[PDB]
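> Experimental structure and sequence below, a few questions after.
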Amino acid sequence: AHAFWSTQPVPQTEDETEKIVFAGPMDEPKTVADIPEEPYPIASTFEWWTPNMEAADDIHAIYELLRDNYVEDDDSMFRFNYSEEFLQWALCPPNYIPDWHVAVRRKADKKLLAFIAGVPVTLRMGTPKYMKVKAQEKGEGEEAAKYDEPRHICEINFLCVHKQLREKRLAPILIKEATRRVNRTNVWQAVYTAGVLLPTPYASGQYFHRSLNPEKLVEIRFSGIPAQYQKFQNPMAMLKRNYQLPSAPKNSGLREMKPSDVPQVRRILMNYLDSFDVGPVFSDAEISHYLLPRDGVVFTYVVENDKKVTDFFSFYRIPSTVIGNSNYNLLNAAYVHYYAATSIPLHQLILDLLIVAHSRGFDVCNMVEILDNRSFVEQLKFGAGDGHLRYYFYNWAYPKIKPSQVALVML
Ligand SMILES: CCCCCCCCCCCCCC(=O)SCCNC(=O)CCNC(=O)[C@H](O)C(C)(C)COP(=O)(O)OP(=O)(O)OC[C@H]1O[C@@H](n2cnc3c(N)ncnc32)[C@H](O)[C@@H]1OP(=O)(O)O
Ligand SMILES: CN1CC[C@H](N(C)c2nc(N(C)CCC#N)c3sc(C(C)(C)C)cc3n2)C1
Ligand SMILES: [Mg+2]
């Protein structure tokens, strides 16, 4: 069934994952000196390339590869079009490792053919709460707590092979070379997500969408007019009224985040994320990088009351190419990023997210049912989509958990 994934240190079946009780490594300990110093072999017509993701032109080359060859729906209606500024943001966080950005090019002319990217993340990935309770029942607390310390690991994203080279077993080679470069830096675990089912997720959640511009979404067939609206004289008018939003935020202290807010935002975020079984730990530099506003990329607002920041939300922009409809070039989606609420109900905080996103010209707001995202689905008129995001570890045994015990947002 899986000629590549069967050879890797991942759980091989759903049954295996449902039997795991404690977090820890799959493979035997290895040293850096054990790991080949030479790049993984690749066909003579190709070469490995490490792009400089802080050079505008190298970012542009990766941008083009992904624009033309990255994730598309099965009906080929929409294809992600991450911007150049987004890619620089995502692939160069504090203390990033340039060698973890791995590309293949055709040696002759040097066309870019494939890419995969790793970035550092500090993750809590110790045994989940439910399984620590069972372990205490049983006298096994020491084993259950062994890997509780937040671990410095790799997050993988942006795996892409050019459409002309699909189904030639190039993706396994990129994965193996990325693994080698990570292992050479003495890191032995990775976290990754995909929409496809691979061996084997530790968690899975549905995607949810909230329409902001229903007329456009229906036109491009992202959305349908649902059957019950046919009881109405003007279905589209009633759809628009259904999703109508305020033109101004409701929370009076709302404003964009600024550098001086970093310590307080770090504090309330970390207190919140601490409650979840899998979640990142951020430095001040990482809070600054991932949350301060960046035009066209990330948008972050704080609620400041009596000169104190008590709540915040963030969202990021991923446009998609509208492949088949010629009336529109792009789908402009806002994705829910991190947030924390201490003064107001989460639904009140996130309504202001939708108002700001709509005001800024976004067409839809998307999220996965991680964090406390299910708490505002119905009131704020999100609907489940047909897709799922599955969360995976490489070289880490982990119990199956619910997606509401996951606090890592994937870009
Ligand atoms: C310690 C450090 C560890 C670091 C590494 C951690 C692991 C990171 C793992 C990567 C995390 C990526 C996170 C993201 O970026 S998820 C986004 C993935 N990108 C896309 O969907 C973009 C459009 N599609 C493509 O570019 C290609 O179809 C890809 C590149 C996806 C596959 O190329 P292609 O279609 O030309 O096929 P092949 O003949 O080369 O290879 C076939 C093998 O590939 C397995 N496959 C298919 N899709 C995925 C997938 N999304 N993750 C992992 N494996 C995948 C498949 O089961 C088969 O293996 P097996 O079933 O035969 O065994
Ligand atoms: C949290 N994410 C942002 C990055 C990933 N992003 C952009 C992403 N991934 C998706 N899937 C399942 C496949 C992509 C891979 N691999 C979908 S489906 C989706 C709808 C339109 C609402 C149905 C939005 C969405 N967004 C997921
Ligand atoms: Mg291939």
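Arrived safely, thanks for sending. Numbering: from 1, shown residues only. Ligands and ions are numbered 1, 2, ... in the order given.
> Near ligand 2, which residues of the protein are found?
Contacts of the chain with ligand 2, taken as CB under 6 Å from any ligand atom, map to 71, 194-195, 207, 209, 318, 335, 366, 368, 385, 387, 389, 410-411. For every residue, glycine as well, the C-beta is placed using N, CA and C.
> Just the closest of those residues to residue 110, please.
Nearest to residue 110 among those is residue 71, at 24.7 Å by CB to CB.
> What ranges does the chain have for its helices?
Read by DSSP state H, the chain holds these helices, from start to end of the chain: 14-19, 56-69, 84-91, 129-137, 141-145, 170-183, 214-219, 235-242, 262-273, 284-291, 346-359.
> nearest to ligand 1, of those helices?
helix 170-183 (3.3 Å; CB to the nearest ligand atom).
> Establish whether that closest one and ligand 1 are in contact.
Yes: judged by CB under 6 Å from any ligand atom, helix 170-183 comes into contact with ligand 1 at 170-172, 175, 178-179, 182-183.
> Make a PyMOL selection of whichever of these turn out to be buried.
Of these, the buried ones go into a single PyMOL selection, burial set by 16 or more other CB atoms under 10 Å:
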select buried, resi 170+171+175+178+179+182+183
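> So how do I select the buried members of the residues of the chain next to ligand 2 in PyMOL?
The following PyMOL line selects those of the residues of the chain next to ligand 2 that are buried, judged by 16+ other CB under 10 Å:
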select buried, resi 71+194+207+209+318+335+366+368+389+410+411
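> Now the stretch 51-200 of the chain against ligand 2: closest residue?
Nearest residue of the stretch 51-200 of the chain to ligand 2: residue 195, at 2.7 Å (CB to the nearest ligand atom).
> surely that residue meets residue 71?
Yes: Residue 195 lies in contact with residue 71 (CB atoms under 8 Å); the separation is 7.1 Å.
> export the residues of the chain next to ligand 2 to CSV and tack on distance to ligand 3?
Putting those into CSV (distance: CB to the ion, whole Å) gives the following:
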residue, distance to ligand 3
71, 16
194, 16
195, 18
207, 26
209, 31
318, 24
335, 28
366, 28
368, 27
385, 28
387, 23
389, 23
410, 23
411, 24
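> Which of the residues of the chain next to ligand 2 fall within strands?
Using DSSP state E, 194, 207, 209, 318, 335, 366, 368, 385, 387, 389 are the members of the residues of the chain next to ligand 2 that sit in strands.
> so which of those residues also contact ligand 1?
Residues of these in contact with ligand 1 (CB under 6 Å from any ligand atom): residue 194.
> Next, give me the two most distant ones among the ones in strands among the residues of the chain next to ligand 2.
Within those, 194 and 209 form the most distant pair, 18.9 Å apart (CB to CB).
> from what I can see residue 398 touches residue 18, true?
No: counting by CB under 8 Å, residue 398 does not reach residue 18; the two are 11.3 Å apart.
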